[PDB]
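Q: structure for the following, please:
(4 chains, ligands or ions: 10)
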Amino acid sequence: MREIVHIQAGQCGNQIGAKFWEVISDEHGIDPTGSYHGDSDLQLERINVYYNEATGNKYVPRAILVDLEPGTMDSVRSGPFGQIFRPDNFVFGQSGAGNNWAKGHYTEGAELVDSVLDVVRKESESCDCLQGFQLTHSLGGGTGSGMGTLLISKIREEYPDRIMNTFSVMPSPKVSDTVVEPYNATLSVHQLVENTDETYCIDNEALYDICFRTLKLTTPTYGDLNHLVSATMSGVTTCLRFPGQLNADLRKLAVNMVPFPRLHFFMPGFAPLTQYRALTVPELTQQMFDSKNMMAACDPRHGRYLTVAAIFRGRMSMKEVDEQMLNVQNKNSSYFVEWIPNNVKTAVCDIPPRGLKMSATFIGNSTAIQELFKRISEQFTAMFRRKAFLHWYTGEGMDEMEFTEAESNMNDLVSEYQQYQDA
Amino acid sequence: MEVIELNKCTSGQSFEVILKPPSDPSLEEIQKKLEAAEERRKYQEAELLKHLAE
Amino acid sequence: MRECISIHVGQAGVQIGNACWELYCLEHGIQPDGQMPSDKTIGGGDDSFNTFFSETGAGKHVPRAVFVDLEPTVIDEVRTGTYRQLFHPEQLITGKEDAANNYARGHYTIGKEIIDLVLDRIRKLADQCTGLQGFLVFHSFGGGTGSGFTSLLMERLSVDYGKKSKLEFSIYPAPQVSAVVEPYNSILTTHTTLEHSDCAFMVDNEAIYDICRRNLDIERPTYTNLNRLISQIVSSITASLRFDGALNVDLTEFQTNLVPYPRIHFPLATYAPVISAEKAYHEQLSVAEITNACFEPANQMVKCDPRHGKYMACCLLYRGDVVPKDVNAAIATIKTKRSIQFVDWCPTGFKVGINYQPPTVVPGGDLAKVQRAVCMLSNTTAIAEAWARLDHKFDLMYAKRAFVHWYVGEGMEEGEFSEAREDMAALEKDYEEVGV
Amino acid sequence: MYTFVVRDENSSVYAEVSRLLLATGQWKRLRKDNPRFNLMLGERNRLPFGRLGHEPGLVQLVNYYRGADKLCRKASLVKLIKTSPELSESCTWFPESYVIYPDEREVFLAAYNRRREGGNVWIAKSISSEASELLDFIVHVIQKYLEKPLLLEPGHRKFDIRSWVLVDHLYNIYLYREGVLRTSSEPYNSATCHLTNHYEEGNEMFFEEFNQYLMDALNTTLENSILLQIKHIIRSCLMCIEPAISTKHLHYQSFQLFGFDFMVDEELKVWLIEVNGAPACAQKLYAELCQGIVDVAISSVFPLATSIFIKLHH
Ligand SMILES: Nc1nc2c(ncn2[C@@H]2O[C@H](COP(=O)(O)OP(=O)(O)OP(=O)(O)O)[C@@H](O)[C@H]2O)c(=O)[nH]1
Ligand SMILES: Nc1ncnc2c1ncn2[C@@H]1O[C@H](COP(=O)(O)OP(=O)(O)CP(=O)(O)O)[C@@H](O)[C@H]1O
Ligand SMILES: Nc1nc2c(ncn2[C@@H]2O[C@H](COP(=O)(O)OP(=O)(O)O)[C@@H](O)[C@H]2O)c(=O)[nH]1
Ligand SMILES: Nc1nc(NC2CC2)cc(-c2cccc(Cl)c2Cl)n1
Ligand SMILES: [Ca+2]
Ligand SMILES: [Ca+2]
Ligand SMILES: [Ca+2]
Ligand SMILES: [Mg+2]
Ligand SMILES: [Mg+2]
Ligand SMILES: [Mg+2]
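A: Numbering: from 1, shown residues only, chains lettered A, B, ... in the order given. Ligands and ions are numbered 1, 2, ... in the order given. And now the structure:
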């Protein structure tokens, strides 16, 4: 049945997560109360991947909502589609994590993690063939970052042979809540390097710049940023949710996108960036590979693509798709490694997303991603050199040595990208 | 060009045209390989669960 | 009457198997419900078509086939397809989760858990045979199941059915219709399968794709397009086994006629004519014309240049309004106008087989009904070009160990990669010597 | 835009076409091992023709005909002419040659015996008067040495005619209107001056001057007395192997530039010496000939945003 178990942790995690379910529920014709009212059978073929059959032809998202504070999870329950989630799948504490990785991972988070693992188990036990897990979270805060990775570690221990994917929001000073985000993100990246198979890197700096420059949104909100994320999340999971078999299941796509186990951090991209006119296939292709449409605040013209996966949605001509896809790379084959033949794969889906005659989602495994980790590492080191703000973490029982190790681990990651960018 | 062995039946025929004359592993051995692969997987999992336990 | 058991492994093997048995049924006058009025030996008989079909007391003709796949998506379409009534559950085998395009996963991890079951279902087909002559094994090179589980199955088949012949129909990987690791799986399964296959027919998806676009005007051909063309070519190859005739009547003859050297057991296939069905009026090609087309690279199952190789054996299978007179006249004229160098140690000749029934086409299909077609099976060294291409792509990734961790993580060790590659290097050398 | 890749840094000719290709702002020089190319200026030996024409969406063209070596090797050329019904027994323009490995080691001495009975000097490579000297030197081919060649005056010196022929993907046969003679500059001694391989600048004489000499010394023209024979030998050799090297219905395209070397005897009869598959050009002619290569051979398949060739029809 190739079921997926969705987990969303923390404020950012639950807000990205909540809109994801709102978007794909719409695509699959599921109303705010779990009733299906779709006009096509394609909507129900792969509905089992993210929803469970409930009594009365109700579809209940196979999602687990997690947070150390209530509130973000109270708003979800009160927002649009909030009634669609299983009440038992809201797992929350009262203390909060104070934007502190240590609190989410070691103190506050440890108190609550077994309750989450009980719900995860209950969901997995009723899967005909569990495909894997997907987690939404930020890396800059405390719950999604510190507890989110603690979850991933606990899940791997109990399901060591299942795929673990994350949609991870990287912090940026240009859209910053607290000054310690580089610490929390540096600590989380090492967890992800070890315990995820695919991490979709969503950089809040890129999201902002797109809203400001392209979308020309003076003063963007988190809603605006999350509008681009849910559209991206909808695109990357399109091949998992509708008939088609190119990167059909999580393991298959991991096998084709990850040539080295630690280099599994992907640059997202979407087109058209969102009025009544539909883009032509040439316009989709050129924009999708354009840096401005990249969601990881990285210029791919500074690195080389290890692998690339492009998904086109809407009724179009596959011929023009090939013509432009083969065109864009044959015209810029300087940015694709020559030691992975045919490393650009294209998928097509008839069902277009809501309100768009056709769109394109981009998933790239580029060595340019090292720029994003360079940003984090430099910001981390700027403070760590002076042990600034470190008392927030030592007060939770962490030692400075754990920071030093995280720093070394990410610097290692950066050099592991530069190695393959010059080979 | 010589036609030879021209066979004919109700559903067709066949012949040969010559244009020029000319001038294992055991069931046990397989199990050993399969069980050996399984062993290496079990070991890699053991190291993982030990890594996690740490 | 010697029986032939067909085995379909992985998506490509199963979907191609479906297309073949639909064509077989149309060719033999077998309705979807599994019975043929023309058969007067109800519940028995040992006619030529019985080599592929058993018979029940109710006049049902059940294929001597087994469908094996590690996920149930593709085989479920057999259980619910137009020909679901042909097969019974015992011959449809599906696992829970597939090999994720990972040879090591299909061969070691998952293969070890299902191999005994497959052999059991096959045994129940063998036990039903008065004189089983061997197996026909359909699979992709690139799939994790088609590559990984097939080679394990071939290993065990050589153990359990030592005296039996085994032929392959192999789908060679083409980036136009594909997974990035397919070269790895291709070399791995070729190395492990080499000494267990008596004769293997490679079909490169790149060639099928281009024939569909070029001849059938299909702008973007789908697997259904590709599979209905492949089935025609498979049918004309297996036609001698299920019709009256004198050429290639048992599996052993394929080896005898096409494979002098055991390791070089990959005959090249060329088919003609492929004609669009939208063309109501199309001139019927002559014997000489379709025989000449058998030497145009654009009609081969694998794009290569036989002009720069050497022939070891050449076999012409005609279907339709053909008489030996026209063939010889066609061969005489072609010999003086093309490059046909046989190896010194082999006679320069052609084994010809004619079946008067013109090729069958699937009603509502892309291929036009023609009055005569030919499939040429020729063992030429030129097909080593395909090994060279595949080995080169393998070398590019393996130099960086790209993706290797997926196979090691499944129980394989790097040693198998280099070992399999060295076998492929010696295979290219074998063609080099024969073709100098 | 189009993309090509260079794989023979030594090629004098194609270093120039690659310079012109870039000088159009519509060709991109890729890494020598990048398979996503439109045109390959391939290597001289072991060119992997088997990996061409398999890239989706790429129309691929290469500057060598797979199988053209049968014409461009001393031995195979002798073997081709003798065993080709299109040429054998009708080849009055190729001196009798023999292939003998250090095989027709016997048939050579057969006709050689009659010679001494009745001119009997031969030459071998891959110049002596008796077969014993030749075999002691030595795969080598041997053919009758043209004892009476046409000598230019003044200087009493033998020459060497080199013609450049371009064969495009359609197997059209284009003869560059500019040829060169390679003059020994040494008085011919019937008993350095025998070899002409590299009075006139650069020891090379172009057609305009050679034609004037013929009109003055022999009351004839280059076209009538020699060029008609040149075109005939070129067409015979290339039509002979067309079925074996044509990329007409092939998954990739071929073209190639050939250097035919001829010789002229006292009777103004043209003889074919050999065919080079990787020839160089005359410095005074690289510009025009290399642009013509781009016009007819390259941009004919990959177009851009009079004629220096003589199309030998067939
Ligand atoms: N001609 C043809 N090729 C196919 C078909 N299905 C898959 N392929 C080719 O087979 C290769 C992929 O292998 P599959 O057969 O799909 O995979 P599998 O054998 O089921 O193995 P796993 O899915 O990894 O468990 C690709 O190169 C496809 O182009 C088909 O129906 N017809
Ligand atoms: N049969 C013959 N009679 C008279 N002279 C001959 C001859 N064969 C060869 N020569 C002379 O030998 C010289 C070299 O001819 P040859 O073609 O064999 O050199 P080569 O092929 O090794 C280098 P290139 O590619 O420039 O020709 C020529 O200048 C020619 O004058
Ligand atoms: N794109 C996006 N980013 C968010 C959102 N909420 C918080 N963030 C980012 O996430 C980080 C703060 O972490 P947060 O999720 O609020 O902490 P947590 O609740 O303990 O997991 C900062 O980098 C914020 O910029 C959101 O709704 N959308
Ligand atoms: N490699 C790959 N491929 C995919 N599909 C499109 C290529 C056709 C989807 C995904 C995926 C699936 C779940 C979660 C996350 Cl973060 C990702 Cl990135 N990964
Ligand atoms: Ca507490
Ligand atoms: Ca507990
Ligand atoms: Ca019967
Ligand atoms: Mg917050
Ligand atoms: Mg499969
Ligand atoms: Mg020479």
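Q: from residue A:153, how far out is the most centrally placed residue in chain A?
A: The centroid of chain A falls nearest to residue A:167 when counting by CA atoms, centre = their mean (1.6 Å). Relative to residue A:153, residue A:167 is positioned 18 Å away (CB to CB, to the nearest Å). Where you see a C-beta, it was placed from the backbone N, CA and C, and this is true even at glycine.
Q: before we move on, what about residue C:250?
A: Applying CB to CB, the value for residue C:250 to residue A:153 is 60 Å.
Q: next: residue D:36.
A: For residue D:36, the distance to residue A:153 under the criterion CB to CB works out to 42 Å.
Q: does the residue in the stretch 101-250 of chain C positioned nearest to ligand 4 belong to a helix, a strand or coil?
A: Among all residues of the stretch 101-250 of chain C, residue C:180 sits closest to ligand 4, at 10.8 Å; criterion: CB to the nearest ligand atom. Here residue C:180 is recorded as coil under DSSP: H, G, I helix; E, B strand; the rest coil.
Q: and the closest residue to it other than its chain neighbours, how far from residue C:155?
A: With sequence-adjacent residues excluded and distances taken as CB to CB, 6 or more residues apart in numbering or on different chains, residue C:180 is closest to residue A:256, at 4.9 Å. Shown here: residue A:256 relative to residue C:155, a distance of 27 Å by CB to CB.
Q: okay, now the sheet partners of the helix or strand in which residue D:162 is found, with direction.
A: Following DSSP states H and E, the helix or strand that holds residue D:162 is strand D:161-167. Strand D:161-167 has the following sheet partners, assigned by DSSP bridges: strand D:173-176 (antiparallel), strand D:180-182 (antiparallel), strand D:256-264 (antiparallel).
Q: need those strands in CSV with distance to residue D:211 and mean neighbour count, can you?
A: Written out in CSV, the entries for the strands paired with strand D:161-167 read as follows (distance: least, CB to CB, whole Å; neighbours: other CB atoms under 10 Å in any protein chain shown):
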stretch, distance to residue D:211, mean neighbour count
strand D:173-176, 16, 21
strand D:180-182, 11, 21
strand D:256-264, 13, 21
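Q: the more surrounded of residue D:36 and residue A:153?
A: Comparing residue D:36 with residue A:153 by other CB atoms under 10 Å in any protein chain shown, the one with more neighbours is residue D:36, at 23 against 16.
Q: the more buried one sits in which helix or strand?
A: Element membership of residue D:36 [criterion: DSSP H and E] is none; it lies in no helix or strand.
Q: what sits against it?
A: Residue D:36 sits next to A:329-330, A:333, D:3, D:30, D:55, D:58 when contact means CB atoms under 8 Å, 6 or more residues apart in numbering or on different chains.
Q: from these, which land in helices?
A: When DSSP state H defines the helices, the subset of the contacts of residue D:36 inside them is A:329-330.
Q: what does the stretch 201-350 of chain C put close to chain A?
A: The interface of the stretch 201-350 of chain C toward chain A, taken as CB under 8 Å from any CB of the partner chain, is made up of C:219-220.
Q: helices of the stretch 201-350 of chain C, start to end?
A: With helices called from DSSP state H, counting those that start in this stretch, the stretch 201-350 of chain C shows them at C:205-214, C:223-242, C:251-258, C:287-293, C:324-335.
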